[PDB]
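First comes one chain, alone, set out as structure tokens in the form deposited in one PDB entry.
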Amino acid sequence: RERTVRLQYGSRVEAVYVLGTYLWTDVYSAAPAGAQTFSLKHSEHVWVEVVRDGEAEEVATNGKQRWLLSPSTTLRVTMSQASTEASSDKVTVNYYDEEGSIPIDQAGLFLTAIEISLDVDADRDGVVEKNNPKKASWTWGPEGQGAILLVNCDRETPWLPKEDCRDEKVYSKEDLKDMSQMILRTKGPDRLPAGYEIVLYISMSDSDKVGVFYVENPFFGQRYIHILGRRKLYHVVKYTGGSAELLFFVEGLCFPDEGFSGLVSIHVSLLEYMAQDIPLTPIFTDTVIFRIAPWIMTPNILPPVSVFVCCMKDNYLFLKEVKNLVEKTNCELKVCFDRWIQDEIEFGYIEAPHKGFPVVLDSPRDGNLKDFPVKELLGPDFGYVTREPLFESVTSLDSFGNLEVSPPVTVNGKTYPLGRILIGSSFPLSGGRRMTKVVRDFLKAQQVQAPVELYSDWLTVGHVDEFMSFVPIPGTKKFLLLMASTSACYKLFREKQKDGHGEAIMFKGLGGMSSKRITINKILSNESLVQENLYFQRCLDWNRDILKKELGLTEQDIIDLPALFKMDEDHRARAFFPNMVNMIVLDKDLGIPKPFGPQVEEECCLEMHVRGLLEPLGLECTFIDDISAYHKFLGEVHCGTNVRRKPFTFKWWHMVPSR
């Protein structure tokens, strides 16, 4: 980095020299009129070259050499070490006229060299390296660089209702662990020369994306000073001499979103005071960039940590059977005394090289059913983020039973190491329901899960988790797509009828259904129901094809589970018997909603059929009864579950998302 500094006619120039730059110095303008030649002296730690029309020559500290004065003959001045109090760093130029060897005048440049570097951990190893040359840019990939920042969206102490990043204050030092470190490293003499100051700053635009704190240790305890952030765009730094470091802590306030890429910048400048009423001149500027870490979703193949369950206190069978299931595993069971846990929240995570933690996305509230956000999960290293439609009204498709994510896949040679987010929608020309733009824009902005829209709008509730799920294949690295299938159910019922079981009864033991006496015969004979379910099978197959295309799946990767639906006035489907596809997946152990299918030899033929599909693959099935407490099934489920999982081993910043 070359910087222009002119000797001044007749007088002397004093300048700060910042290490890592060099000066090109005009000696001609300061020369008296009529002067012919010049000579120079310089001090030990100042390197000086005479550059004549591009050709550079090193010059001794005290030589007698003379050069012709020319506008194209200049000096290049370099220093390799900071000034100390013992320094006198200078270059002096003497001018001579035609006759005589005694100087007729002199001009000089007195220098104070300092080091100024704003440093961050751009190599993503957790420690802050000295002046990474790539620190001012951010590149994706295994070879990529630039520093990473977490949205500090958890809450360190319960005494306040709001996530840590909602204010300009820091209370507990634990908060600092969520933050990225930025160090201003300087070296120099006891003080900066008169007329200089060092200033940290950010743009107005980034002022709502970050906050930056400095830790002071005064007499009565540690304190946290907010030096940049909301309503603070700059901070004048107190300079200390010798070799010094100022440690700062940086928090992100905002996730990537529509209109915000996730990149923010922080600057330090050495400023020179010119005079009153005139702006200070930036002499030197150093810049670091941060990318705010995206919100990432966990597919069913990732190790389970905690099973969150919501049901009424008296649904005993459900609780007993869920507890049993979870006891087969190392997961914690958490119970709250009823679909909200599945529909209103999605457990994601965020990760930076230094730190990571789970973060809840809270579903938008309509004002009818959900008038209030659920913030009660907000805690230490458990974060919160939400999006609220300003104009667009919320529908059932905004619920998070409509939000899922695939396992890692490769499609046409493109790798999606974090899987792909899946959300249900309607056909483009349909005028049907679609998840709100604000939420779709959010998921898209995270970029690393490259969302795909499926077709869920043929379902009354309209959730992808009504028709599909993923399960790992035990003892392998592979997984299966599970699809609800009405054709499988009809095939099975028709076989059992042929077998003499046509009078086999469904919903056995549900007292509220008994008067209906629904048998296999009654189902197979219902002609309109057959046509409705053929149509629903077309809707399922349309999704099957999208999933095969966008996830790179073949028929080998798919298992069909018998399902059956009834159609409403809108020509949308609701479950005829509980949807088995929407199941609790804890590795090889699967909690599957109990179907209450036709009994053949005192076993549910749906249960036996599902066991016959899954068990050969090493999957262990537990059927979970959530409906008996209600005595009947009308197509709605009254319980919900959500599994919080360990994050991917693969680091999101190693991905290379499409431009």
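Just so we're on the same page, rigid core means the largest C-alpha set that superposes within 1.5 Å between forms. From 1 onward, residues are counted along the sequence shown.
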query	finding
Residue gap status of residue 12, at least a third of other entries	no
Entries skipping residue 633: at least a third of other ones	yes
Interresidue gap class [residue 337, residue 338; deposited sequence, unmodelled]	4 to 9
Mean temperature factor over C-alpha atoms, higher-scoring stretch between 636 to 644 and 8 to 16	8 to 16
Mean C-alpha B-factor comparison - 542 to 550 and 137 to 145, higher one	137 to 145
Criterion, highest CA B-factor; candidates, 90, 491, 440, 313	313
Residue with highest C-alpha B-factor in the PDB entry, from 607, 55, 625, 615	55
Cα B factor band for residue 436 (lowest, middle or highest third within the chain)	middle
Lowest, middle or highest third - CA B-factor, residue 30	highest
B-factor third for the C-alpha atom of residue 611 within its chain	lowest
Chain third (lowest, middle, highest) by recorded CA B-factor, residue given as residue 39	lowest
Entry-reported Cα temperature factor of residue 152, expressed as the chain third it lands in	lowest
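Below, we refer to the form deposited in another entry, which is not included among the displayed structures.
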| query | finding |
| --- | --- |
| Candidates 279, 259, 133, 158 - which moves between the shown form and the other one, C-alpha at least 2 Å, core fixed | 279 |
| C-alpha of residue 555 moved at least 2 Å between the shown form and the other one on rigid core | no |
| C-alpha of residue 207 moved at least 2 Å between the shown form and the other one on rigid core | no |
| Displaced residue check between the shown form and the other one: residue 86, CA, 2 Å or over, core reference | yes |
